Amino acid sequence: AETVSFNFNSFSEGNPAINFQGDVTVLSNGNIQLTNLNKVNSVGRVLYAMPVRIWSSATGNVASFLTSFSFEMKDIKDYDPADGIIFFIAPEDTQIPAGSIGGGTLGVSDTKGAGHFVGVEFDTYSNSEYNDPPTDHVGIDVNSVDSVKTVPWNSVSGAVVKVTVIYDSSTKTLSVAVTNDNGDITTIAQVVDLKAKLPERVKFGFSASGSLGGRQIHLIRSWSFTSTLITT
């Protein structure tokens, strides 16, 4: 049993266990602020520094995992509160796309909206170019920000959201339970075959992005995670 687990109640610039990319920043309170409010097309991403072996080519066994995190998206004048956050899974060599425009790409794809990754996105801006629902939403993404599936949701400015994700290898099911400010849960599940979509080794993390007129605070407050790959 090859297992990976950790728990962050706060963060601090300096911990080698974390990989910072782009305009990421660690506030004084311990929170991670993914984007810069004075930059255009800002993009910041945080990843667990250590790669996770989600599946073996030898045994063909895929790992299952449980994870929970919490974030916040406070509005600021006078920009459009966009574009949101996305928890994602990518190859360990992953970097912010070359010449990223941020915006509706959430920092994980090119302009077309494609890229190499898997993710649960929290959209606060309806990008019609990526077939985005009309209202805020939660989506399951696979190599594209044009979600394979999405569900209506609402991002309350200054609210702290609680999220729980469960991946079951046996069924390739990716479950997401989102708990809003008002104690109401929201959920979206989807069968995503990770062994088919990503390499044996990957990195998990968070990405947020903005643009010219679309900007907002993107805070990642906590994150606990555990993954287990059977080796027998």
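The term rigid core refers to the maximal set of C-alpha atoms that superpose within 1.5 Å between the two forms. Residue indices: 1-based, along the sequence shown.
Choosing between 125 to 133 and 101 to 109, the greater Cα displacement from the shown form in 9 other deposited structures of this protein, fitted by the core, goes with 101 to 109.
Per-stretch RMS Cα distance to the displayed form in 9 other deposited structures of this protein, following rigid core alignment, is highest for 91 to 99 when 91 to 99 and 138 to 146 are compared. Between the stretches 202 to 210 and 33 to 41, it is 33 to 41 that shows the larger average CA temperature factor.
A summary of the deposited B-factors shows that, of 152 to 160 and 134 to 142, the stretch with the larger mean C-alpha value is 152 to 160. The entry assigns its greatest Cα B factor, within the set 173, 57, 187, 67, to 57. Taking only the listed residues 119, 113, 99, 91, the entry reports the highest CA temperature factor at 99. Annotation for residue 165: C-alpha temperature factor in the highest third relative to the rest of the modelled chain, per the entry. In this PDB entry, residue 123 carries a Cα temperature factor that places it within the highest third of its chain's modelled residues. Among the modelled residues of its chain, residue 72 has a C-alpha B-factor that falls in the middle third according to the deposited record. Residue-level temperature factors show residue 5 in the middle third of its chain, judged at the C-alpha atom. Compared with the other modelled residues of the chain, the Cα B-factor recorded for residue 17 ranks in the middle third.
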